[PDB]
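Let me begin by presenting the structure, written as structure tokens, before commenting on it.
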Ligand SMILES: Nc1ncnc2c1ncn2[C@@H]1O[C@H](COP(=O)(O)OP(=O)(O)OC[C@H]2O[C@@H](O)[C@H](O)[C@@H]2O)[C@@H](O)[C@H]1O
Ligand SMILES: Nc1ncnc2c1ncn2[C@@H]1O[C@H](COP(=O)(O)OP(=O)(O)OC[C@H]2O[C@@H](O)[C@H](O)[C@@H]2O)[C@@H](O)[C@H]1O
Ligand SMILES: Nc1ncnc2c1ncn2[C@@H]1O[C@H](COP(=O)(O)OP(=O)(O)OC[C@H]2O[C@@H](O)[C@H](O)[C@@H]2O)[C@@H](O)[C@H]1O
Ligand SMILES: Nc1ncnc2c1ncn2[C@@H]1O[C@H](COP(=O)(O)OP(=O)(O)OC[C@H]2O[C@@H](O)[C@H](O)[C@@H]2O)[C@@H](O)[C@H]1O
């Protein structure tokens, strides 16, 4: 695997955590703003996902997790990280600032082989495991794993479209709070509503998720769009997709299609449930999106509303590894 | 006014509070489970709406608020409340148990003139101020003010329908917690999801709101339906209405229609805003529903999503008085 | 083990869950208000502690968990439960209503051998693993495991007293929300403050915890007392103990005493930490109380304030099994 | 009054808001990070304290509130603000960065007369209205209004000390979330626990409040100390003071002393209540600290625990004006 992670934020941290669980190998981490001792702390303890079981500790300027030695770098500019030295070939770009092919390339000058941007990109190829991985080729040096919401929407959209054809759809995502929000009314000049006390408000936000689905599933380009609502929950979000289908069908046909997909092609990616589940029943769930059968409702043979859950932090980080596994299987091939 | 209130819950209490503010006159209150001394307490202090300003106190088996003397009864069965004795003619049925014409009538044997059920009813005429009040006539002895959500949806639906015609619509309401939920995972045999910790979950719930709009606005019967999401906020909810219009139009045409309605026919009922508002900016707001101009988005000339806010507690209680005012203006006429 | 559980609430459920984990054997469960199908649901899903891993399912009027067959009864009166039939000898009384030796005895007429009340009792012997288990004898037919808070306080008090002697102490517990609180301002005639919206308030409550420590540790009887503060967190509480010691000492002497106890006599019961921990780092923690070294502060050689955490739900249920294990080791002895 | 405010954060904003209400005059405001149009927004809407009633609007590079014209500056360095130009003589330093006499003086080179630091200071004289104002003199050019917590503790300590003498005391403050906390686990290198998700944790923090009381009330210097607990509530905090008195007394003697003080010397500063109040019943309350009679408990004739509430944002901002009023009465004297 020889994986390298740039940035130790919610994603960076959780990806490393996911890696260890899933067996992937991380050899180096870079972050200029977080001391090595503070790293063992931020990694060991996680309010939402619990304390890391194994042993975490500093070991001669290196981070040691369950025996594994991860060398740590503190470079401010991506093109200074000596990736090659730590032997890191596949870099997970999770800083949120080097999201374009142009600037993401800096990592190459450090000895990096490939770069995976764990966020939407304006020009890098976007992928969603289970939806469009076949379009990947070794020659792609910089790719994007899209956003946590796109990863929830795309799977569901694909099944609906292939079976009944999506004519048009509007999406609303009731999202858990994000790290970019404020505990109390404060300054967010870029997003005014986003600066309002997160623990006391329902905050309307915007989202590119839907528009992005237009990139991973071309046929749907320009047929979907949506917005978000930020609510005071620490983790786990739900997608509310209202769509107009081209073919007439009963809600059962939809449930069937979903269930079938969930145990076949999209198994491990798209989940299916008929239980009376709630937000919390999905913390730590590693699927991209779980179809909530009982939650959705149908108005007419062609106008229906479906509901899909997703652990915005955990499921996404799991797909990041999956993407890298697939990439290496095709590359080292 | 000579108003009487049966039940001292969130609605009962807030209606009395609203009455005093708006000048209406409440002469009697009945509730078998709440001692007279506990009443001054539950009325004076309110976590969401603040401490009552005036003076509240017990005065010889009576409740005294700012000089006003409200006699208190403790009857368990509605047909035992001596309304006539306190001189109460218009009874606000807010217990939640006597919602049908059949059982709501009990109040008449006590000397009551008319009965207003502050909740949906299976057979009593449902009204929404600003939408269908002209359908009211003196001969109606028992009426319903629908639910807090119907009161938010109906106004918006009416404007949309009259201007562009609603072909079909699906509604989702991101609702604040209700008194029927649990602080932590507990027994809710009727609604399994409803018993899950309310402070930590996004709970999918059902709602008759949309179907009810089919009763107050006949033309829309069977063209709308929807569900809810319960989130951990103490008050104020938002309605997310995705609808397919019959006539083509631009989002501005919708904003215009709303703004126009808000300053004319529906003034005081439907509000309009273009500010970057959030959940809290509507606590204490006394309009049935406030159109959030910037929140909505349009996919096509006929497929749009509109967003409307409403203080599910306060706005509804204000409409309860309004309904009674209108009724008496037609009755004592 | 042959354990039986009466009541399927937060404690009843978690105890059964703990049992399975720890290997103890539960053979029967009784609860008149929860259908057998609703039981598999309430047991499988838990907002705070996650989804049960094993397989849970109804199997011919019985509850089956990971192969284990637990027969279910629906008796309303404790003296009708045919414990003997299911072969249940040690009953965990967790209903909260049969807490006195008098009424807890009902279980004996059903064939029960011993009864453990998972809550404070007015007359049944109270125990706290690690503190006074030596007082137990086979002849005791009905015992109490005190409350979740006593189990946190007692261990800490014992260590402090034995080493420096507690002259007097006042305790404050910042407690997570309880199942007896309200989501929004509602009727709590017994505890007026307790009926105020739990998600928006800091609610002062009372507690017998301290006074109870006077029963498990006689020498301290009448030297401790305290109150509580209910805050909007779903689980995990912290005990703030301010005490005046008889012997002079430095805060290190206290840390040492605690650390020593934690790895010796009270190992598994009292935990010790010097990390910058927070409420969540203890969800699922199975110790009765964890001493937070860095949190406490000392004013003088004899006036100090110590802080100890505890997962109010999980730690207590683990001690319930431990108590039964100890009892059987002495009984079947 | 001719007041000037530097910094438009929670304090800065609320002080201006308080000023208008109380009639004081603010002529200028400075803040380099908040655009003039964003100011009208952050001022008009406040999640916790509601929408400002009057009219707020931009008027030729100036902020206009209810007719009042407040000129706005955008200087980054305090010694560049042309205070004199706007005619601002008394500057309220609420940035949180220029808290020492040394750096707070920058304002003088801009034409400022006096400087009030709305936060603790390492070397500027600290005052608490009602406790030590008589210690102020015209020659003091830079003063501090202490912190929101000291203002709650000091009044209570003064009454207890004067009547029964405080031998030693340890204080714990269950504090609402602050603007310096994080919505989700993030980087707080200075305060590791402070970076943990504020909406899901009980976070132990430190506080100088008690030690500060040693400065405003010399006799108590070195006899008090304490810590804090940050809980997920948006506003209003409570102080838990455990103290050992020099004279023996009954809890009634304490209630009496408090009630007496509240209606006499400390009227308007120290409040008194015997109601079953909760966190929310104090939002908007403008007293420095409200003694909760029923919440406290007494162990012995000399060991008692008292509880006092305070709207950490609102009460403090009101005292800031009060301090300035007193200062000018002595200065312009
Ligand atoms: N030039 C840089 N080089 C390296 N690291 C950098 C640089 N600039 C910033 N960083 C690091 O990147 C991290 C930024 O990540 P976060 O802001 O903490 O968030 P992220 O990891 O991107 O996760 C964001 C996601 O998590 C959710 O909480 C949130 O809603 C969002 O969806 C920090 O730890 C920071 O030190
Ligand atoms: N037979 C009866 N006769 C008279 N009063 C009765 C009877 N049965 C119950 N009551 C009283 O009626 C009240 C019921 O009201 P609540 O349950 O407190 O709620 P309600 O007033 O109906 O408001 C419900 C609304 O408030 C929100 O919190 C909630 O989500 C919902 O939208 C109680 O105080 C109760 O004593
Ligand atoms: N007569 C009875 N016989 C048998 N079971 C009964 C009876 N009466 C009630 N029960 C059952 O007992 C259960 C009551 O438990 P809960 O109210 O859910 O609470 P408990 O199990 O006692 O746990 C309480 C603890 O959990 C925290 O949430 C709370 O703060 C407290 O510390 C219910 O499932 C109910 O059906
Ligand atoms: N050099 C400077 N000059 C002028 N203004 C400055 C400077 N540096 C920062 N500021 C401004 O000062 C403000 C800082 O205030 P906040 O951080 O928002 O908080 P404050 O006003 O100090 O109130 C803090 C209090 O409020 C609670 O939320 C919190 O718990 C704390 O007790 C910002 O709006 C910022 O633009």
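Values quoted throughout were computed directly from the atomic coordinates according to the rules given, and no laboratory measurement underlies them. Don't worry about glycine lacking a Cβ; one is built from the backbone with ideal geometry, like all the others, and counts go over all protein chains shown.
For a Förster distance of 35 Å, can you work out the FRET efficiency between the beta-carbons of residue B:139 and residue B:21, rounded to the nearest 0.05?
Values: r = 31 Å, r/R0 = 0.89.
It comes out at approximately 0.65.
So if I take the centroid of the Cα atoms in region D:301-325 and the same for region D:207-235, what is the distance between those two points in Å?
Their Cα centres are 12 Å away from one another.
Using Cα-Cα distances under 8 Å and only pairs 6 or more residues apart, what relative contact order does region A:1-120 have, in percent?
Answer for region A:1-120 is 29 percent.
What is the ratio of the Cα radius of gyration of region C:179-239 to 2.2 N^0.38 Å, where N is its residue count, to two decimals?
Working: Rg = 14.0 Å, N = 61, 2.2 N^0.38 = 10.5 Å.
Normalised by 2.2 N^0.38 Å, the Cα Rg of region C:179-239 equals 1.34.
What is region B:87-244 by shape, rounded, prolate or oblate, if you read a ≥ b ≥ c off the alpha carbon gyration tensor as root eigenvalues and call it rounded for a/c under 1.5, prolate for a/b larger than b/c, and oblate otherwise?
Oblate shape, in that a/c is at least 1.5 and b/c is the bigger or equal ratio.
If you count, for every residue in C:305-311, the Cβ atoms of partner chains within 10 Å of its Cβ, what is the mean?
Working: counts 7, 0, 4, 0, 2, 0, 0.
Mean inter-chain Cβ contacts per residue within 10 Å come to 2.
Would you report the distance distribution of C-alpha pairs in region B:279-333 as whole percents per 10 angstrom bin, up to the bin with the largest distance?
Going out from 0 Å in 10 Å bins, region B:279-333 shows 22, 32, 25, 17, 5 percent.
Using a Gaussian network for chain B with springs between C-alpha atoms less than 10 Å apart, which of these wobbles most: B:149, B:273, B:18?
Judging by the Gaussian network model, the answer is B:273.
Taking only the C-alpha atoms, wrap a convex hull around region B:77-173 and report its volume per residue in Å³ as a whole number.
In region B:77-173, the Cα convex hull volume per residue is 114 Å³.
Need one word for the protein assembly as shown: rounded, prolate or oblate. Basis is the Cα gyration tensor (sqrt eigenvalues a ≥ b ≥ c); a/c below 1.5 gives rounded, then a/b vs b/c decides.
Since a/c stays below 1.5, the shape of the protein assembly as shown is classed as rounded.
What whole-number value in cubic angstrom gives the convex hull volume per residue for the C-alpha atoms of region B:147-312?
Given the Cα convex hull of region B:147-312, per-residue volume reads 108 Å³.
Suppose only helical runs count, i.e. DSSP H with n ≥ 4. What mean residue ellipticity at 222 nm does that imply for chain C under -39500 (n - 2.57) per run, divided by all residues and rounded to the nearest 500 deg cm²/dmol?
-7500 deg cm²/dmol
Between 0 and 90 degrees, rounded to the nearest ten: what's the tilt of helix A:10-22 against the longest Cα principal axis of chain A?
The helix A:10-22 is inclined about 90 degrees to chain A.
How high is the relative contact order of region A:147-312? Use alpha-carbon pairs under 8 Å, at least six apart in sequence, and give a whole percent.
Reported relative contact order: 28 percent.
Between residue C:102 and residue B:211, what FRET efficiency comes out of the Förster formula 1/(1 + (r/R0)^6) with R0 = 60 Å and r the beta carbon distance, rounded to 0.05?
Calculated transfer efficiency: 0.70.
Just rank A:322, C:185, fewest to most, by other beta-carbon atoms within 10 angstrom. Mind showing how you got there, number by number?
On the way: A:322 22, C:185 25.
Fewest-to-most ranking of A:322, C:185: A:322, C:185.
Could you give the length gained on full extension between residue D:325 and residue D:259, defined as 0.36 nm per residue of separation minus the Cα-Cα distance, in nm?
21.2 nm
Test of understanding: extend the Cα→C-beta vector of residue A:64 to 7 Å, then name every residue of region A:30-49 with backbone N under 15 Å from that spot.
Taking a point 7 Å out along Cα→Cβ of residue A:64, the residues of region A:30-49 whose backbone N falls under 15 Å are A:37, A:40.
Taking a point 7 Å out from Cα toward Cβ as the label site, list the nm distances between residue B:51 and the same residue in every other copy, smallest first.
List, nearest first: 2.6, 4.3, 4.9 nm.
Please report B:20, B:266 as a ranked list, fewest other C-beta atoms within 10 angstrom at the top and most at the bottom. Could the numbers behind the result be given before it?
Values: B:20 19, B:266 23.
Ascending number of Cβ neighbours within 10 Å: B:20, B:266.
Regarding region C:10-82, what's the average projected area of the Cα-atom convex hull, expressed in nm²?
Convex hull of Cα atoms, orientation-averaged projection: 4.9 nm².
Looking at chain D as a GNM with Cα springs under 10 Å, which of D:27, D:72, D:167 has the largest mean-square fluctuation?
Of D:27, D:72, D:167, the most mobile in the Gaussian network model is D:167.
Work the Kirkwood hydrodynamic radius out for region C:1-133: mean of 1/r over every pair of different alpha-carbon atoms, inverted, in Å.
15.0
If I build a Gaussian network model for chain C, linking alpha-carbon pairs within less than 10 angstrom, which residue out of C:111, C:284, C:67 has the largest mean-square fluctuation?
Judging by the Gaussian network model, the answer is C:67.
Using the count of nearby Cβ atoms within 10 Å as a rough guide to exposure, how do B:58, B:65 rank from fewest to most?
B:58, B:65
If every alpha-carbon in chain D counts as one equal scatterer, what log10 I(q)/I(0) does Debye give at q = 0.09, 0.11, 0.14, 0.15 1/Å?
Result of the Debye calculation: -0.48, -0.72, -1.14, -1.28.
What would the Debye formula give as log10 I(q)/I(0) at q = 0.10, 0.19, 0.20, 0.24 Å⁻¹ for the alpha-carbon point model of region D:230-333, no solvent?
So the normalised log intensities work out to -0.34, -0.98, -1.04, -1.26.
Against the longest principal axis of chain C, how steep is helix C:251-263, in degrees 0 to 90 to the nearest 10, with axes from Cα atoms?
30
Report the label-to-label distance for residue C:267 and residue D:189 in nanometres (one decimal), using points 7 Å from each Cα along the Cα→Cβ vector.
Label at residue C:267, label at residue D:189, 4.0 nm between them.
At 7 Å along the Cα-to-beta-carbon direction for both residue A:162 and residue D:80, put a label point, then send me their distance in nm to one decimal.
For residue A:162 paired with residue D:80, the spin-label model returns 6.0 nm.
Report, in degrees rounded to the nearest 10, the 0 to 90 angle that the Cα long axis of helix D:150-164 makes with the longest principal axis of chain D.
Helix D:150-164 sits at roughly 30 degrees to that axis.
Over chain D, what is the relative contact order in whole percent, taking alpha-carbon pairs under 8 Å and six or more residues apart?
Once normalised by length, the contact order is 16 percent.
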